[PDB]
Structures are given as structure tokens and as C-alpha cells.
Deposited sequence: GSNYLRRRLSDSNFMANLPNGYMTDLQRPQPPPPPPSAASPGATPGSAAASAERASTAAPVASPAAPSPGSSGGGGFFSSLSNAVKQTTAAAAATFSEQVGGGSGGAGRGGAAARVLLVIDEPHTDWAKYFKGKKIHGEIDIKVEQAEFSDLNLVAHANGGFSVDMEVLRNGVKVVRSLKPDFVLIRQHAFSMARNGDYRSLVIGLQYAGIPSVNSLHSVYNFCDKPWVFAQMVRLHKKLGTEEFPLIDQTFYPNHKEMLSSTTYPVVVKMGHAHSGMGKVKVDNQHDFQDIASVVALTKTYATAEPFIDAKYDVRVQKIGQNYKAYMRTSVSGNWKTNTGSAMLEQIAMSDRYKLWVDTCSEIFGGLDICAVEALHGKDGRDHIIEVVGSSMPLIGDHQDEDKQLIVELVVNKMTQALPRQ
């Protein structure tokens, strides 16, 4: 039986979602699940390797080792918040040669938001604003370059973090200077972009060959029909770093009728709307299909 390690929080019972799924209608799939914080590993160039997972057995913490044949990463591999760095585990998994969704290569390169955004910048130069309306954004390697903004208000996004973390709205120059000094204390990079007075925002997702668009109506659901414009946004983004099996594009719709793409997320993208259960099943088949190629 093939062993699948799924790195996600306990809320979703992936074992139950993969129950009965087989590779070539004959080989069974054993699902192992845990969060990055409860994992460790050792990998050898000769191919030998082990993944150690801390779990609870009869009220006591124990370590059980496994050897995944495949991995599904649903959690962020990196966050500049304390204790949120698991890049070394991603490196170890690649070192062990274990296949993954999304690919370990893409997961590693997704560990710096501005690095991913740089990929969108290139796509925007290539496609033009009409087809790919990337929001204006400025990147500062560190606080020394954060002197001013030519327009206000702007949204400052500090380092690499998720779920609203490290993000603030700045209304004037004096406050921008105060915020830049806070960036100094984070000792990392930051970006600034025009604040969009949004009527609503839109997220276009792509799991395998399945698409869905959702309208979400400052720091914040109804589904909407896919359009070829939306399809292009996510299709082109899904091509970076060798290809993203699970990804989505976030855009803000201004009260002036303009769209502004502000981010592309990877295999850790949250499932939203009234069809989350369906999305999990779609993820299962994609994983199953990917595992079949081995």
C-alpha cells in the first residue's frame, strides 16, 4: 500500500476522503496526517529516509515514523511570525525525492511573496494590463529604501506572512515614516501598493482542471460564472515555477470599475464558499491521479 502524507490541520479528515481510493484499482492508499509543527525527518543521499510524526497515544506524546511515497501540502511552509519556519522540512522532503502537490519546488519558491509577485510582474509585462491587471506595487529590500509614497492611502505588507498578518493601511506621509520604522524592527523586506476602495473582491481558483470564481463582498460569498478573462488570470499564474496543481488568483474590484490583481496563492489556499466538500474531493482525485504516475 502506498503511503500518502498530508500536511494539514486536523479539521479535515483526509483519511475519510481518500477512503476506498486505489491506484490502478488495486493498490491501496494509506493516509497519514499531521501539521508541520509535529513533524521532523532524516534523509540520506542513497535514498534512505524517515519522517517522524509526534502524536498522542493514551494521553502521552509519542513519535511514530513513516516513509511517505507522496505528500499533499495544505499548510504554509513559511511565516516570519515566531516559530513559523518549516522551510527545512520542505528541503528535506526534496532531498528524499518525495513527489508532492503542489510540487516541492513550487512550495519552496513560494516562501517569499515578493518573489512570487515578481513572477506576476513578468506576466503583466507580457500580457498587458487589459488582460492581466496587476496592481501597482513597490518592493523595498529593507526599510532604508522606504522613504515615501507618491500617493495615499497605501497598504503596507511586511515580510512574508498570512491571514492578514503584517498588513496595514497608511493614510499620509508622516504615518508612512512611522510604519517604515516598524519595518526596521522586523528587519526584513516590505511592499507598498495603492489602497483600493473596493466594491468587492474576486478569487479565481484552479484545482487540476477545475475552475471556480467567487465574489467576496478594509482588511476583509456568492459564486459567479467563469469567464475567459478569469480563466486567463489563473491559467497563466498556474504555470510559474514549473506548474501549480492547486492555485488561485485574488483581485480587488474598485468602485471605479477597475480590477486589481493583488496575489496568487498556492496549494495551501483555503477552501471557501458552499462547495468546500466538493473541492476536497477534487483535490483527492488530483492527488490520486498524480500518485498513479510512479
_Give me the ranges of the deposited sequence that have no CA atoms here, in sequence order._
1 to 113, 331 to 335, 339 to 344, 419 to 422
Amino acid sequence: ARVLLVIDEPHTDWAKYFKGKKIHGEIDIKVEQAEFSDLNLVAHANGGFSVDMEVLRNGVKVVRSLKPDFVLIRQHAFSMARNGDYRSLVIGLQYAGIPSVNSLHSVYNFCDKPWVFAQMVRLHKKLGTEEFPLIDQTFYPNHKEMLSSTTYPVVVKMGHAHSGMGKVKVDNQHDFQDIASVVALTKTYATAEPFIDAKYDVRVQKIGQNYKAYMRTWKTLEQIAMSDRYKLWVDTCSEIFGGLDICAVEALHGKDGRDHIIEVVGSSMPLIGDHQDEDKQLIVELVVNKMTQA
From here on, numbers count along this sequence of modelled residues.
*asked:* Please compare 192 to 200 with 106 to 114 and name the stretch with the higher mean C-alpha B-factor in the deposited structure.
replied: 192 to 200
*Can you let me know which of the two, 160 to 168 or 144 to 152, has the higher average C-alpha B-factor in the entry?*
144 to 152
*Top residue by Cα temperature factor, when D178, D85, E130, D136 are compared in the entry*: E130
*Compare the CA B factors listed in the entry for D235, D256, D245, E263 and report the winner.*
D256
*How does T220 rank on Cα B-factor within its chain, lowest, middle or highest third?*
highest
*Relative to the other modelled residues of the same chain, rank the CA B-factor of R122 and answer lowest, middle or highest third.*
middle
